[PDB]
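Here the structure comes first, spelled out in structure tokens, and everything after it is commentary.
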Ligand SMILES: [Mn+2]
Ligand SMILES: [Mn+2]
């Protein structure tokens, strides 16, 4: 009746220009955020339930 | 005590590093030499046999070692003691170890004398063929060909019986090994015994359920046909070849196709005329592309080997329409396979037949989209040239090959370059200048270096044919223009052209036209051009007049031998020595 | 000494390996030659730039037939001479021999496969064992790989390199300041130069590989502007057409290994740069093998 087995992962990435600040890594905050989303999905993919996950992207 | 080489110092080397184990096995000769030969046979070889290891490379090295162990075991007399450990190696799951063990077994077979072969080797073969595991059974197949020639007749009949049983075994890979080794095994047998024992089982192999065994049967079909007398092939081999050529599996038909020429050679021409040409026909007209390509490459070899009295009739009545349909084949590999051999039919058919029938087929393949087709067609242009002369070449094929001098793939252009001397040698100065001289010049500025090199080498032959006045009027001005080019590749190309041109242009032209251009390139900014100038001055030194050496060539080489680039220094000083 | 080197080059052109002692002496000479080279080698303008060869010896012979013979043609090789090929030993030995014989005509950079771990995993070690029976030749070559320059700089404009750019590297002075005498690390400035790739993204990113970064067009634009470069020549990635322009002509990838793993069916290209930096890519197909 309702599919709760397909979770929605909405990512609200801050795209304000303040996210151009550079860490000690030499990458920007936005680069860290993109890498964080990628790492999040790499970690999520270990779970077999990760199939059917809806990934969404909204910005500022 | 820990000093016995046999057990101790060997079973301690089972460390994680495999390379140490291979090193121990590689140097197994030294431990054996340290031990007494009687002690070796008593203690070393039973240890090798009884113990079982589980590393493929060590086992392979061990099997390779045992093939040369006859000197360190007590000579050929006691060589039978090497049979148990190799037997243990012949029963392993890994196939490569099994093949190496069989190779070692048949290598030490020669060391045995007939009596020992009957006493020890033949029971070993019986055990291997009679083993519970199929691996030993396949291993036994390769052992028949070396034990057979040097045993008694009763033992030979026994060997025939066990090979027949092995061939008729229920296990597939055993049948595969038996079919693979059937050709080698039947080589040494008696001919009547071949007919009685080998042939019925061979025909049974060709009619088996599995397709790989049938493939190996057709593989062995060539040797089996070659062995037999010609009066027997209509009833023994030919029905089997007819069965095989119509097999459902395309692999069996394919490997029939590659073996077709050898079948033709073996069975004799009249049998081929009667029975092989429909088999060849429906192999070329077959549905599968692989078998069509396999048959296409055998067309020249097949047709050339027929009887000349009935040869051309066979070709035009059966082969030629099938060729016409293959030239327009959908698959490019079939067309390429046909292209590599199609020009070979020109001397066979004759001049008029080639013009009326083969020449449109050449033209169609010369304009094919596939580069392999175009490349394979041009490579055999000398044959059609010698057959139809050059008037027909200029009429029919010259516009097509001129279009191929600008081909996308450079190997096509390389073939055209390689075939320019022939045309030049068979055509006049006027016609060549009208059509082909610009083509010869267009290649000197090609992107590919191999094309430029081939064109440079081709200029030497062109000057040899058409004289040096023609070179001074047509060749030299377009070469000298390349010296002023901003790309250093083209300047180096002129240096290479001068290298090959000084030899044929003579003393005067080299001295007054080519040398001043060579000398002015010593001030080039590219070091590559500079040391190639040094190389050229070395090379055109002999064919220059001796008066301008010390006056003109020597100062430039002296300036170059103190240059800043080390390579320019080296080649300049090498030139200085060669000038003497 | 030079005659013997010429004999080795003639022999190696026919795909016959050298003996262990020959490889030892060759790598000794190559070490003493590669000590003097900077991390950012300076290459004069007329040069041919080649990408990965990866041990495909006959494809290297096709490359020489296309671009020309050394020393007549100046060559810049951007690493990855070993692994994924059947003739890694012959390939790397010929390239090292050409470097020793023709010092100023050959530039051989370090690829990401010029390391002990990658060679151990991906078949250069296995090939050395098969062709020599001991790992001493592998030891000599891997010790020599530490000596290879990281990057080159043609005319001061074109920045040849194997992998790409690093978040920690902003200038060429940083590259010149690196200590390249070491095994390539898993993380750090030296790893990215051999492991990074360009991407159609914004800014930096995590490489799909286990090492390096992936960088967008703005990264290469800022790098080129800050370092006065007009182009970043590159290798390290399969290109179906042999070469590909990226980042609005700021980066070009060059792959010189046609039919890369003998299955990819790719073309191979080489960037021929003439005296006046006018480039031209020579695409070529794999050689006909007997
Ligand atoms: Mn790479
Ligand atoms: Mn690579």
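Residue numbering for chain C follows Swiss-Prot, covering 6-295 in order.
Determined by electron microscopy, 3.1 Å, according to the entry header.
Keep in mind that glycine also has a Cβ here, set from the backbone N, Cα and C atoms.
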Binding-site annotation, Swiss-Prot, Fe(3+): partner of C:85, C:117, C:241 in C:167, C:191: C:167
Local backbone state of residue C:118 (active site, proton donor), from DSSP in three classes: coil
Near-site residues: Zn(2+), ref C:57, C:59, C:85, CB cutoff 8 A to centroid: C:56, C:58, C:60, C:84, C:86, C:87, C:88, C:89, C:90, C:116, C:118, C:240, C:260, C:261, C:262
Which same-chain residues, if any, lie at least 6 apart from residue C:59 (Zn(2+) binding site) yet have Cβ under 8 Å of it: C:85, C:86, C:87, C:88, C:89, C:90, C:93, C:118, C:262, C:265
Of the binding-site residues listed as C:117, C:167, C:241, the one whose CA lies nearest the CA of residue C:57 (Zn(2+) binding site): C:241
Sequence-ordered binding-site residues from C:59, C:85, C:117, C:241 with Cβ under 6 Å of an atom of ligand 1: C:85, C:117, C:241
